[PDB]
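Reading through the structure tokens given below for one structure.
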Amino acid sequence: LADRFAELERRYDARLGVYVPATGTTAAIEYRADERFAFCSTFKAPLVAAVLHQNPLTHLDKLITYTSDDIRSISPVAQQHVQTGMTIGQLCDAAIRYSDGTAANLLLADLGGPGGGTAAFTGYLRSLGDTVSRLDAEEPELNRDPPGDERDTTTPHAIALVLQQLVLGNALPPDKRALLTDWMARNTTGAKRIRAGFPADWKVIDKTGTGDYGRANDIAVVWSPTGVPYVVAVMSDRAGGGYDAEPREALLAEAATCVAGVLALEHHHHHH
């Protein structure tokens with residue numbers, strides 16, 4: 001499997017990171033799993049969890065008003081609601097399902113105040129036991145750090161273990177967990193990434209990220225046809241093409257297909 005991942009790297013002129021936690025019946029899949037990769041938009045999923053965790057559900061109804069001046073990144077939903085505002089719930093929906101950058105920046109401000117949202121988001125991760133990941137900038141600046149800069153980075157290992165706690169563990173109470181899970185289930189931006197690697201009878205929920213230097217990520221929770229869950233983090237960059245290097249979604253689809261092939265393949269022994 002490491003040889004297969006390395007061939008993907010060669011063919012796409014890319015660096016690839018993959019983590020699938022071990023289960024009671026499957027070994028971990030790890031490739032560059034402790035190397036740092038930029039979060040890009042993948043942070044927006046645990047950001048929603050942070051806001052959910054810290055507030056009653058009634059906080060979802062709170063209307064947030066903002067201006068055209070706050071729209072400094074790709075914001076499909078915030079541009080449509082600029083004049084009338086968005087509720088915290090609508091911001092969470094957008095941040096996940098449309099990867100809305102303004103929605104994310106507003107959620108950061110909700111969590112930590114104008115100056116404090118990136119620290120506060122980082123602190124949510126620390127509260128989950130993740131000492132590795134860090135967020136230093138808001139959208140769109142967090143997509144732009146050079147290769148090797150530790151700012152705005154996670155690892156496939158760290159982000160998968162965070163997503164595992166949020167969706168499969170007890171980091172969130174059930175009603176809040178269900179909101180997070182449904183927003184990720186109904187994500188619109190991930191058809192060509194992890195989802196493309198799994199058979200249609202597997203449930204996939206995900207959150208993508210894309211950035212400069214050819215960055216393309218996807219983090220997912222999947223469930224087998226009988227409800228057995230796994231977590232899948234795939235991260236990539238193409239730093240050799242420079243700042244405007246083309247991301248390659250098909251690299252993530254291929255890495256996910258490799259993963260799915262292993263997870264779905266059973267091993268009944270023959271009679272002898």
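We name chains A, B, ... following the order of the structure tokens; residues begin at 1 in each chain, and ligands are numbered from 1 as shown.
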task = Within 8 Å of stretch 161-178 of chain A, counting only C-alpha atoms, which residues show up once you throw out same-chain ones fewer than 6 positions away? Write them as a PyMOL selection string, please.
result = chain A and resi 21+46+49+52-53+57+125+128+130+219-221+229+231
inquiry  = Env of residue A:190: 12 Å cut, atoms = only C-alpha atoms, seq-sep filter 6 positions within chain, self excluded. Answer as JSON, numbers by chain.
reply    = {"A": [41, 42, 96, 97, 98, 99, 184, 196, 197, 204, 205, 206, 207, 208, 209, 210, 216, 217, 218, 219, 220, 249, 250, 252, 253]}
query = Can you tell me how far atom CA of residue A:107 sits from atom CA of residue A:133, in Å to one decimal?
reply =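 Atom-to-atom, atom CA of residue A:107 to atom CA of residue A:133, that is 18.5 Å.
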ask   = Quick one: DSSP strand (DSSP E) residues in stretch 85-244 of chain A, as an NGL selection string?
value = :A and (86-87 or 153-154 or 203-211 or 215-223 or 229-237)
ask   = So how far away is atom CA of residue A:30 from atom CA of residue A:104, in Å?
value =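 Atom CA of residue A:30 lies at a distance of 29.3 Å from atom CA of residue A:104.
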message = Considering only C-alpha atoms, can you say which of A:81, A:11, A:272, A:157 comes closest to residue A:32?
response = A:157
task = Pick out the residues sitting within 9 Å of stretch 233-239 of chain A, and hand them over as a PyMOL selection string; count only C-alpha atoms, and ignore anything fewer than 5 positions along from it in its own chain.
result = chain A and resi 12-20+37-39+146-147+155-157+159-160+193-194+209+211-221+245-248+251-252+255-256
Just-selected residues, N, CA and C atoms written as a tab-separated table (two decimals), in the first residue's frame:
chain	number	residue	atom	x	y	z
A	12	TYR	N	1.27	12.38	-9.91
A	12	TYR	CA	0.63	13.69	-9.77
A	12	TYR	C	1.66	14.79	-9.39
A	13	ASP	N	2.94	14.45	-9.31
A	13	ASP	CA	3.95	15.39	-8.78
A	13	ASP	C	3.42	16.08	-7.53
A	14	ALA	N	3.12	15.29	-6.56
A	14	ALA	CA	2.43	15.77	-5.34
A	14	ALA	C	3.00	15.08	-4.12
A	15	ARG	N	2.75	15.67	-2.95
A	15	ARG	CA	2.97	15.05	-1.66
A	15	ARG	C	1.57	14.69	-1.08
A	16	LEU	N	1.44	13.46	-0.68
A	16	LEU	CA	0.20	12.86	-0.20
A	16	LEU	C	0.32	12.42	1.22
A	17	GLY	N	-0.72	12.71	2.04
A	17	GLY	CA	-0.80	12.22	3.39
A	17	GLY	C	-2.12	11.53	3.62
A	18	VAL	N	-2.07	10.38	4.24
A	18	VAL	CA	-3.27	9.54	4.45
A	18	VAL	C	-3.27	9.01	5.85
A	19	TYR	N	-4.44	9.07	6.52
A	19	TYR	CA	-4.60	8.37	7.82
A	19	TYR	C	-6.02	7.82	7.92
A	20	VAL	N	-6.05	6.55	8.25
A	20	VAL	CA	-7.25	5.83	8.68
A	20	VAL	C	-6.94	5.14	10.01
A	37	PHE	N	0.36	19.38	6.91
A	37	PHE	CA	-0.28	19.89	5.71
A	37	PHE	C	-1.20	21.06	6.13
A	38	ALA	N	-1.33	22.04	5.27
A	38	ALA	CA	-2.25	23.12	5.54
A	38	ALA	C	-3.69	22.56	5.73
A	39	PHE	N	-4.41	23.07	6.71
A	39	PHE	CA	-5.82	22.73	6.91
A	39	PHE	C	-6.65	23.07	5.68
A	146	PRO	N	3.64	29.45	3.04
A	146	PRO	CA	4.45	28.64	2.16
A	146	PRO	C	4.55	27.18	2.64
A	147	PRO	N	4.88	26.24	1.73
A	147	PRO	CA	5.26	24.94	2.12
A	147	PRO	C	6.24	24.95	3.27
A	155	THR	N	-2.05	17.55	10.79
A	155	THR	CA	-1.50	16.33	10.20
A	155	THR	C	-2.65	15.39	9.88
A	156	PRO	N	-2.47	14.46	8.94
A	156	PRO	CA	-3.56	13.48	8.71
A	156	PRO	C	-3.90	12.75	9.98
A	157	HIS	N	-2.87	12.35	10.74
A	157	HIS	CA	-3.18	11.76	12.04
A	157	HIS	C	-4.06	12.61	13.08
A	159	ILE	N	-5.96	15.42	12.43
A	159	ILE	CA	-7.29	15.76	12.03
A	159	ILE	C	-8.24	14.57	11.99
A	160	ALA	N	-7.73	13.40	11.64
A	160	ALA	CA	-8.60	12.23	11.65
A	160	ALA	C	-9.01	11.90	13.05
A	193	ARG	N	-13.75	13.64	-4.43
A	193	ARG	CA	-12.69	13.34	-3.47
A	193	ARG	C	-12.97	12.04	-2.79
A	194	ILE	N	-13.07	11.97	-1.46
A	194	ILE	CA	-13.20	10.66	-0.80
A	194	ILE	C	-14.45	9.91	-1.29
A	209	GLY	N	-10.95	20.69	1.63
A	209	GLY	CA	-10.18	21.96	1.69
A	209	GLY	C	-9.30	22.08	0.50
A	211	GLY	N	-6.40	24.98	-1.42
A	211	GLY	CA	-5.63	26.18	-1.20
A	211	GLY	C	-4.55	26.36	-2.22
A	212	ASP	N	-3.69	27.30	-1.94
A	212	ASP	CA	-2.60	27.57	-2.87
A	212	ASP	C	-1.54	26.51	-2.80
A	213	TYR	N	-0.55	26.56	-3.70
A	213	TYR	CA	0.47	25.50	-3.78
A	213	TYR	C	-0.17	24.13	-4.11
A	214	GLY	N	-1.25	24.14	-4.80
A	214	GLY	CA	-1.90	22.94	-5.23
A	214	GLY	C	-2.50	22.12	-4.13
A	215	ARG	N	-2.89	22.79	-3.03
A	215	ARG	CA	-3.40	22.04	-1.84
A	215	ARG	C	-4.80	21.53	-2.10
A	216	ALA	N	-5.01	20.26	-1.79
A	216	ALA	CA	-6.32	19.66	-1.83
A	216	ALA	C	-6.40	18.59	-0.79
A	217	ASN	N	-7.43	18.74	0.09
A	217	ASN	CA	-7.67	17.84	1.19
A	217	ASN	C	-9.10	17.36	1.22
A	218	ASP	N	-9.32	16.31	1.98
A	218	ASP	CA	-10.67	15.89	2.32
A	218	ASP	C	-10.61	15.08	3.58
A	219	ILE	N	-11.53	15.34	4.53
A	219	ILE	CA	-11.66	14.53	5.72
A	219	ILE	C	-13.06	13.98	5.80
A	220	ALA	N	-13.18	12.70	6.16
A	220	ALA	CA	-14.44	12.00	6.07
A	220	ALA	C	-14.64	11.04	7.16
A	221	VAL	N	-15.90	10.74	7.44
A	221	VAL	CA	-16.30	9.52	8.19
A	221	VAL	C	-17.14	8.70	7.22
A	245	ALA	N	0.15	26.40	-8.39
A	245	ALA	CA	0.06	24.98	-8.82
A	245	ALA	C	-1.39	24.48	-8.82
A	246	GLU	N	-1.74	23.63	-9.77
A	246	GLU	CA	-3.13	23.14	-9.91
A	246	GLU	C	-3.39	22.06	-8.86
A	247	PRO	N	-4.42	22.20	-8.05
A	247	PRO	CA	-4.79	21.04	-7.16
A	247	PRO	C	-5.30	19.92	-8.06
A	248	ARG	N	-5.24	18.70	-7.56
A	248	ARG	CA	-5.71	17.55	-8.35
A	248	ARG	C	-6.61	16.65	-7.54
A	251	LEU	N	-6.25	12.79	-7.40
A	251	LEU	CA	-5.27	12.20	-6.52
A	251	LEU	C	-6.00	11.71	-5.23
A	252	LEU	N	-6.88	12.57	-4.68
A	252	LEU	CA	-7.64	12.21	-3.46
A	252	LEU	C	-8.62	11.07	-3.74
A	255	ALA	N	-6.47	7.98	-3.80
A	255	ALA	CA	-6.02	7.53	-2.47
A	255	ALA	C	-7.21	6.92	-1.72
A	256	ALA	N	-8.38	7.55	-1.80
A	256	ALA	CA	-9.59	7.00	-1.14
A	256	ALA	C	-9.97	5.67	-1.71
